[PDB]
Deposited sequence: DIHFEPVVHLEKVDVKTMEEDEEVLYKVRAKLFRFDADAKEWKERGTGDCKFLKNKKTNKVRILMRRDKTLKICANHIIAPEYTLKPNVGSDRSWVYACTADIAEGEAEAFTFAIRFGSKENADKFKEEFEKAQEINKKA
């Protein structure tokens, strides 16, 4: 008896770290932070290159608000307002198309999360050197 007849680009990556976060970019002209998105921050290790990137998608729209290599060169810095955020300059984020530079800030739900993120961020940097 005949039967009744019937790509994210993350399938080749492994999830090392996941944390809920809000991401901002600094607008140098206006001198204010502007939100770029709220959602899951993921550290994704490519199984073929062992390269680790940040990838972060906005809740509901699933649109990319961060896509960049966790570069050895980058440095996490505190922000005067917050014991649960980091600030750093990224020179190649492709979330909104062509490679652009940004000063990001990323805030978490608790200092614990921010301290874990920093620990994981530096682990991924070691992975990217080798």
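Student: Would you list the gaps, meaning deposited-sequence stretches without C-alpha coordinates, in the order they occur?
Tutor: Several stretches lack coordinates - namely 1-3, 10-15, 140, in sequence order.
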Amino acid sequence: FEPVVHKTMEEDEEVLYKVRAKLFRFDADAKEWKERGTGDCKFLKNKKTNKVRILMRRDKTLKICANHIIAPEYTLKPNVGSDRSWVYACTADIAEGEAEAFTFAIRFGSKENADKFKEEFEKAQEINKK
From here on, numbers count along this sequence of modelled residues.
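Student: Which has the higher mean CA temperature factor in the PDB entry, 45-53 or 78-86?
Tutor: According to the PDB entry, the answer is 45-53.
Student: Is the mean CA B factor in the deposited entry higher across 55-63 or across 26-34?
Tutor: Of 26-34 and 55-63, the stretch with the higher C-alpha B-factor average is 26-34.
Student: Using the B-factors in the PDB entry, rank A114's C-alpha atom against the chain and give the third, lowest, middle or highest.
Tutor: Middle third of the chain for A114's C-alpha B-factor.
Student: How does the C-alpha B factor of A92 compare with the rest of the chain: lowest, middle or highest third?
Tutor: Top third by C-alpha B-factor.
Student: C-alpha B factor of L16, ranked within the chain: lowest, middle or highest third?
Tutor: Middle third.
Student: Using the B-factors in the PDB entry, rank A99's C-alpha atom against the chain and give the third, lowest, middle or highest.
Tutor: Highest third.
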